[PDB]
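Here's the letter readout for the chains.
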Amino acid sequence: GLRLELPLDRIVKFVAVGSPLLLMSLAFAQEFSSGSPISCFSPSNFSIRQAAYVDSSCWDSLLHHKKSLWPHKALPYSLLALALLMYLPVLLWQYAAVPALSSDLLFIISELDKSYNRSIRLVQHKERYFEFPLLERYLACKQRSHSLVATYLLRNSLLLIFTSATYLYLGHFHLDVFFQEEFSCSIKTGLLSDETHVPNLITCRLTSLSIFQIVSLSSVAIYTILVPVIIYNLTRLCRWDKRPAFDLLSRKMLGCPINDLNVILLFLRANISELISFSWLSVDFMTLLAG
Amino acid sequence: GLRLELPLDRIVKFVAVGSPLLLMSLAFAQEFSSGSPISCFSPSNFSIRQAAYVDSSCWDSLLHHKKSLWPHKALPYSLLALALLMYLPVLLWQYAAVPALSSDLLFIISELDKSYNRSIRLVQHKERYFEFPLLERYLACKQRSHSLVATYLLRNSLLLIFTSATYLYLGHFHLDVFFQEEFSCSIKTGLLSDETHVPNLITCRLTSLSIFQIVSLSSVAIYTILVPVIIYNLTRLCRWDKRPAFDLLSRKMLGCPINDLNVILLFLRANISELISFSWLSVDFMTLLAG
Amino acid sequence: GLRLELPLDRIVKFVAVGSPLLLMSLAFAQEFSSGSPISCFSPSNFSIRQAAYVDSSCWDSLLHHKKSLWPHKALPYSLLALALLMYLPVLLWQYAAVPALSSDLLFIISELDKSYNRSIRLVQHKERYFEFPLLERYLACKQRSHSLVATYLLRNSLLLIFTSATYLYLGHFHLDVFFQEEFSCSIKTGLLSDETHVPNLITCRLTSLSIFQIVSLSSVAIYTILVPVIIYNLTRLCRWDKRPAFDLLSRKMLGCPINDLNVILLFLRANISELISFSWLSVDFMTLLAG
Amino acid sequence: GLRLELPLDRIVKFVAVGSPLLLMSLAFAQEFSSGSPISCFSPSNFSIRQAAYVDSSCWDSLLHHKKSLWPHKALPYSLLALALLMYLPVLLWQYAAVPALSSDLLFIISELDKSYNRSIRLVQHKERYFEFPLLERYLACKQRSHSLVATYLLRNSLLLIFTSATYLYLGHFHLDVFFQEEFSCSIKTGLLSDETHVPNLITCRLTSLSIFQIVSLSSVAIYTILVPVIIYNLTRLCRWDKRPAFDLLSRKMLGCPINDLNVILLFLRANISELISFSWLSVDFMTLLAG
Amino acid sequence: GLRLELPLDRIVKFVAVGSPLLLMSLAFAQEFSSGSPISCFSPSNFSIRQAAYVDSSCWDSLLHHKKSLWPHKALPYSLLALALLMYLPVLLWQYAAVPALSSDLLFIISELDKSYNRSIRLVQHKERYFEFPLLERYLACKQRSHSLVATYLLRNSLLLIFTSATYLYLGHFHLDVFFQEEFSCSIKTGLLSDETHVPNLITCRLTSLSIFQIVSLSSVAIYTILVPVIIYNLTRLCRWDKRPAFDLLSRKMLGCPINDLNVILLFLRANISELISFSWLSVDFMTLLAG
Amino acid sequence: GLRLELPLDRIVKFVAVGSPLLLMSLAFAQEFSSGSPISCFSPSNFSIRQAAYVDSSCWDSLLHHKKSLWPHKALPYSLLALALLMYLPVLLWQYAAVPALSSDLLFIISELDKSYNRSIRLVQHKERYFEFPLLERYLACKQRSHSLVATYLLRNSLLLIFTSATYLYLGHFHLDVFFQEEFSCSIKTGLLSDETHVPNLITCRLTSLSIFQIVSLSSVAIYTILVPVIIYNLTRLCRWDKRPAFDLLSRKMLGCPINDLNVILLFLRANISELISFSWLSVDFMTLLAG
Amino acid sequence: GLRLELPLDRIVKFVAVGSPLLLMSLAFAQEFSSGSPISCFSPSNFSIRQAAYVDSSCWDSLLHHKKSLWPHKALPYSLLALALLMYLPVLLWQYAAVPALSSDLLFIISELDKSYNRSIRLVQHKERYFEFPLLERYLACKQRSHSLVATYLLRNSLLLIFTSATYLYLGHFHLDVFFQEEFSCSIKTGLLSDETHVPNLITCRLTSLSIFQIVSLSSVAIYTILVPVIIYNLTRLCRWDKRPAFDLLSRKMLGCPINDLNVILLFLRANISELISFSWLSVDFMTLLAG
């Protein structure tokens, strides 16, 4: 029943994955309802099937003559790609960091409990500093590594990079097609030319500009909101974490803070409820700890 | 099986989250049924496709010429945003207050049970005042804090602020479009101008004014009803809570009532059924307590 | 596995909550099927879209000129409100009476079982009257209260009040629109006036008068049926309830019958199967009770 | 795991409740499919909307001029009412007879098992007649009552009464509208009069006469079949039921057969598998019973 | 975990009940899809609604003038009735034979196991013939009865009778309407007569003759296949069943084979896996049985 | 948790049953979508209903005049019949072979384990050849039988026969209608003759030739692939199976290989994981087997 | 609870199987929505049914005259075949390698645990090299085999081969039909010729070119991404795997690396968490291992 993810990262992943899916569903469920996502004012003597042909041709082309409006067609697929892009760092953390850290937390929790139990017999009263050789050798070995701190940094770095990519994509493509609801589509380009019945230019109107605007604005707003929490999570480990065995923990509590020790200390602090935290909530001393 | 939420707050959160979703579903399920949410009286010689083009264009524009009716289009999305705004304080309370308070309740419950068991042997008859040092040191440490009382106040403060925001939004936007069921829409503004067939102004009628009025009135009524219960919950802790170990509880029962002691006392009173409340329901005395 | 609700109240709540929902579903499921809930005999030269505009406008207005038929539009929503109005007393009883009464029943059941077990050793043969001080002090304390009897009365009072409100609403609004299946609707009131093509008055017919009549009659009938059972439940406690420990129960069996003793006695009688009711089904005596 | 209902009554209740629901579903699922349940031969120059108006008006009126065909409209609702009418006696038996009889069966089963166990020690060989005072006093008390036999009779009486009511309703209303598939409907009665375009009389045809005939015939047939089993169940207890402790049972096996003893004897016989029925299947004697 | 039904009867009941339901679903799911199950070649000047009226009238009448085609309309209901007719014998066997036979099998299995255990102590080496008085008295009592063999015969007899009824119905009604896909329907019989516009006779074509033919042929084929297995099951008990305690079984293995002994012997043989069948699979002898 | 089916036969049955169902669903789900499965080029002056009549008549007839195209109509039903034809051998194996073989495997497994346990005490060191009389008598009795080997052969024989039947049906019927997408249908054969308006011959086109071709080709390909695995399974037992107790197994390992011994040996080899296969994976010797 | 698949192969199989199904669903769900997947500009005097006939005929033919566009019709079926082609290697690995390897891992894990337990008693201080004869004989027997390494290589080889086949198919067929949205279809080839009304050539346009392009590009991209991980998995075993009993493991750690030893070593390393890995996470020595 161990908890292997910080509470903030859980809600960050949930929001970042869920929101593009919700926006994509809000766009799929409207164009199926309204029918065609584009209308065209065909001439009066175009019967019925020729009007449908004009509609389909202008929707397929999507090129304003008098310049290109391709983002309208590729909205839900581009939104769906964002879901996979957000889900990739979660998969990386799931399949690259949690197996080692799970064992590293279980072992340290068990031996911390054992050390507390051993110190209990000393409480009811110095062969204590050397009494835990494992807690010094193992912790010195892990402090010199750089194994999974890199993955923890890189997950947030990837999330920030993809957020910046979304910013660039939106601000470079969707901005130039705002407030553009109609365009002059043409079909007299290929073999249909040299045929006098069909007019030269046909006006057509997009029927889903509101969905486009709402999706763009909402996505920009939420992915703006989601940046400070990400940078806070990234910068959380930069400052040194401070709250018998805890004395030995504080003994090697110094130096550059970029190790594997900081992440396991953070996960230990976030999982303090597993071990006996009776004395943790009450922040002489031996008399109080006697009970 | 501990209960970590007051019964009143449960129903308040349930109502405040559920009702905008129900109203939004009552609006989605009608415009899909009736087809277009707006009709237009196109001229007789407009064939079929041109009438649909006029309908779609006037629905997209939604601007009365002879002034703007944008709330009609943005009703379900604005209602959906209210659901997230209501759900945010619940998330804050879930992820910021309940972990510490759960441990603080478990510890106090266990040691209260232990103290009652110890006093039982004294019942069947003064080393009793000093017999519980933890119940004095821990309770004095928590009484000097201000940790989670701020969150408890801020949840209700946020709910009140968002209710006021809903009031302002409704009374500033929806009021000026009541009793307005039809408008003169125009399409001869862009490239469609200088074309004599289409008339200058086309009358159009909204087919969902009843849903608009009903949703607005119902939402105003329910969020009016939900205010006194919120202010009662906020003001509940302002008055000091009054009902061996309970004597020590009453001993430090004084001073300014804004501490972390008041909230844990309220949760203890609301969870009296966990411990032995045999003597609680019967509100000399030692002879009665002997059984 | 305690039973905390009388069997009659269960079926009363089930009927009173379920029936408006069933009637509302019988009205939603028909107007979605038949299409428009109102038809209009537009002139022959009105094309197609103008007829739909006339239909929508007359349905939105719903005002007979040659007086108002608004109950037809607001039938399912008014029926849905009745469901919440019926559900409110159930919520009140669930969140205001059952927690105290559950403990009060558990304690009395356990101590009744203990007293029966103690009297068993006296059966196989006067320090018996004073042998149960708790059963006298606790029962005298509860007999002087007025705590949850008020809630039990007020639940049925609220149900009766809401039934009377439904009576008044139906008999004051739905009665004047019976046998009215068609009306002369007009659209030439606003900007559509001074336009000679549209006629002055257009006949329209309601296509759901049968559903209206059936719903009204059925609701009146069932809420007429549901009144005598409610008044019987309310008047049940007015008469004093009569069927070692039961001798002490009969000892304080007198006085004004409006206490908290009557309701707990009723719940004890309705939950006689929990304790040992071997002698209850066989209604000298010590010889029979020896087995 | 006690069985509290006779096998015949189970299938009777299942058939009587299920069949009207099945017939109602066979009528709902057809008129939604075919569209309108009535067609009308409007004149050729009635455009499109006027034909729909004529259809809806004639369906709402449903009055043959050259006399009333209201059963066609009220078929599924009248069938649905039969489901509740059939379900009411089941509810009465569930909430009025089974709680007392459950305890009365459990007690008699347990003490019968105890008596058999006591007689076992006498088998391996007269203080036996007086050895079971409870089996005589309790059984004499129950034989003088009339408590739940009245409910058992009244359930079948109510079922028979409602079957007779269904017979009367069908044979008094549905018989006069058989072989009537078309009628002359009129709409020129109210304000539509003094208008020369609409003809005086319009022929209309019912499109669901086959469903009407099939439902009527099937319901009559099944509720004819269901009567002899009901009367057999009612008359089952009139004849006295005949198959140490069973000798005492046979000792008071006489007199008028209308008591509470007959019903509990029937339920005991139908639940013979609960106790040790090893000797029941083998229908000197002590030597055989020794094993 | 006893098995109370022969494997062959299980598949027979499954096929006989499932197949009419499958055929009925294959007919419901096609006429809902294709729309109307009958088309009519109305004249050119019949507008739109008059053609629908002609279609509905000819479908309702279904009477060839120049003789009756009623089986086409009543196909799915007649197929549904066959499901209940097939299910009735299963209900009879479930509610009339299995309760007695279950106890009769449990008792004989337990005492057979006991006898085998007793003979085990004699194996490791004549007070054996009289050692099982119950196995002789009980088996002689059951051999003289005729209780449930009649039900076992009557179930298969009813299945055969209903198969013959299906044969007669199909071969007497469906045969005369094969290769008949169109007919001359008339509507000028009632009040529509003396009206010159509608022609005297209108040709109409059935659009579901293929479904009719396929259903008829398939049903005939499968219910032909299902007869030999039924007659084999019926004739199975006519021949005497042959494979310490089994010696006593063979001792009364003679006489007329129509008893209750044959059916319980068949069920014992079909449930040989319940008891110790170690020696059954190996079909001197005492030396082999020693292990 | 015994495994009673070879892994190859599992996938063979899964493929052979699933694939016709998948192909049938790929044909049902297309003709419901496209509407009519056949179109006809009716003349210009045929109104609307006469065109539908022509379509339905030509689809029902399906007879090219200038020869018969009946396989197009009977594709999904003929595909559905193949599912039952494939499922029949699985039912035969389930209800005719597995009950005897299950017991025969359980007994041999248990006694093999017992023999291994007995030989264990001899390992840690000739009364061993005669030490297992059952393993010789029972195995000699089963080797002389021919009971369930016939069923095992006949299942694969039936599968091969039905595959050959499918080959013959496809290659004899579907081959002559390939590359035939249109035909000249006629309706002027019966009473519609001697009527000048309808032309003599009407061209019609099949709209589902692609589905026909794809289904035919895919089915031929997969049932070609499925033949070598079937013949391998059939020929598997023809060669003698070769890998204290296993010495006795090898002792009677000779003669004609068509017995019941081969199938139980195959199932034993396929279920080697049930017993102790510690020495099986390591393929002097007594020293190695000591551990 | 053993893990029998490498984590990388799990995600590879998941992606390779899921993605063609997702792409196929993205193509099925669009052409059902838009209606026909192809439109045609029929002449004005073609009524309604002739236009539908032209549409269906041109969709069935799909042959540009002025060369063949068959990939458009066969997109979802060709995508569905890829799912089975990807699933086949997973089935091969499931039914050909995992049963032997499961036992081979269980045995080695159990005996490794036993050896560690035996060495524990030697830790707390040379009959150790010969102390594990099984770990040498069994491991030498498996090192000389080539049984399941071939299957492990062949699974990835098959995946690479099918990826190359997909590359060839796409680049040889889909490339020549890009940027081709319309074609000149003809119907005047068969019996419809010599008929002057229908024109010689009819222009038609594909309405699903965007789906075609998106599916092709996306599939190419993802199956390009999936190649380096496959080749990494294939090349993983080529390099020798390096990290009392582990000394014996290192003793035969040499030679050509193509054996069955490498795969079981890889699976042991990937399943290190099953056994006691307390000393694994802490990478003199005996003093540290004493705890």
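Header annotation of the entry names cryo-EM as the structure determination method and lists the resolution as 2.90 Å.

**Overview of the state of the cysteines**
Evaluated as defined, the whole model comprises 14 disulfides over all chains. Covalently, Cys40(A) is tied to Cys204(A) through a disulfide, its sulfur atoms 2.0 Å apart. Measuring handedness by torsion sign, the sulfur bridge of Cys40(A) and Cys204(A) sits at about 110° and is right-handed. Across the pair, exposure class does not vary: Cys40(A) and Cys204(A) are buried alike. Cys256(E) provides the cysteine sulfur closest to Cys141(E), a residue in no disulfide bond, and the two sulfurs are 18 Å apart. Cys141(E) gets classed as partly exposed once you look at its relative accessible area, which sits at 29%.

**Describing the pattern of salt bridges**
Going through the model one piece at a time under the given rule, you end up with 56 salt bridges over all chains. With its nearest N and O atoms 3.1 Å apart, the salt bridge here joins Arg155(A) to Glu5(A). Under the relative-accessibility criterion, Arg155(A) is labelled buried at 4%. The partner of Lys142(E) in a salt bridge is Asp104(E), and the shortest N-O contact between them spans 2.4 Å. Of the two residues, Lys142(E) and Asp104(E), neither departs from the other in class, the shared state being buried. Three or more residues are tied together by salt bridges with common partners; here these are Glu5(A), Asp9(A), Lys13(A) and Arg155(A).

**Some details on the sheet that holds strand β1 (residues 38-40) of chain F**
Reading across the sheet, the three strands line up as β1-β3-β2 (chain F) and stay open at both edges, with antiparallel pairing between neighbours. Strands at the two margins of the open sheet, each flanked by one partner only, are β1 and β2 (182-185) of chain F. Across the sheet, the axes of successive neighbouring strands diverge by a mean angle of 30°, strand direction being ignored. Of the strands in this sheet, β1, β2 and β3 (202-206) of chain F touch helix α2 (residues 49-61) of chain G, which is tilted by about 45° from β3(F).

**A closer look at the interface of chain C and chain D**
On the side of chain D, 22 residues touch chain C, which itself brings 25 residues to the contact. At the level of secondary structure, the elements contributing two or more residues to the side of chain C that touches chain D comprise α1 (7-34), α2 (49-61), β3 (202-206) and α7 (209-235) of chain C. Among the elements that line the side of chain C that touches chain D, the one with the most residues is α1(C), at six residues. Here the side of chain C that touches chain D is composed, by residue class, of 12 nonpolar, eight polar and five charged.

**Here we look at helix α2 (residues 49-61) of chain A**
Residue and element names in this part refer to chain A. Between the first and last C-alpha of α2 there are 18 Å, a value that for 13 residues agrees with the 18 Å anticipated at 1.5 Å per step. Restricting attention to buried positions, one finds in α2 the residues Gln50, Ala51, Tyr53, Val54, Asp55, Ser57, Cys58 and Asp60. Phi for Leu62, located one or two positions after α2, is positive at around 55°.

**Some details on the interface of chain D and chain E**
The interface of chain D with chain E comprises 24 residues on the first partner and 22 residues on the second. Taken together, the elements giving at least two residues each to the side of chain D that touches chain E come down to α1 (7-34), α2 (49-61) and α7 (209-235) of chain D. If one sorts the elements of the side of chain D that touches chain E by residue count, α1(D) sits on top with six residues. Its residues assigned to classes, the side of chain D that touches chain E comprises 12 nonpolar, seven polar and five charged.

**Structural notes on the pairing of strand β3 (residues 202-206) of chain G**
All names here are of chain G. Summarising burial for β3: five of the five residues are buried, a large majority. Across three bridges, strand β1 (residues 38-40) lies against β3 in antiparallel orientation. The residue of β3 that forms the bridge with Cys40 is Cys204. In the sheet, strand β2 (residues 182-185) pairs with β3 via four bridges, with the strands oriented antiparallel. Counterpart to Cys185 in the pairing with β3 is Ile202.

**Describing the environment of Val123(B)**
Residue and element names in this part refer to chain B. For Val123, the position within the fold is in helix α4 (residues 98-123). For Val123, a relative accessible area of 30% puts it in the partly exposed group. A sequence separation of 14 residues divides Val123 from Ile109, and the C-alpha atoms of the two residues are 21 Å apart. Once residues within four sequence positions are removed from consideration, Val123 is found in contact with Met286, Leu289 and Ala290.

Cut-offs used in this document
Residues numbered from 1 in each chain as written, not as in the entry; some residues may be left out. Chains lettered and ligands numbered in written order. Heavy atoms only, no water. Residues with missing side-chain atoms left out of burial classes, pairs and counts. Disulfide = S-S within 2.5 Å. Buried < 20%, exposed > 50% of the residue type's maximum accessible area, 1.4 Å probe, protein only. Salt bridge = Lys/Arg side-chain N within 4 Å of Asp/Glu carboxyl O. Pairing = 2+ DSSP bridges. Helix = DSSP H or I, 4+ residues; strand = E, 2+ residues; numbered from the N terminus. Axes fitted to C-alpha atoms, helices over the stretch in contact; angles between N-to-C directions. Contact = heavy atoms within 4.5 Å. Nonpolar A, V, L, I, M, F, W, Y, C, P; charged D, E, K, R; others polar. Expected span 1.5 Å × (residues − 1).

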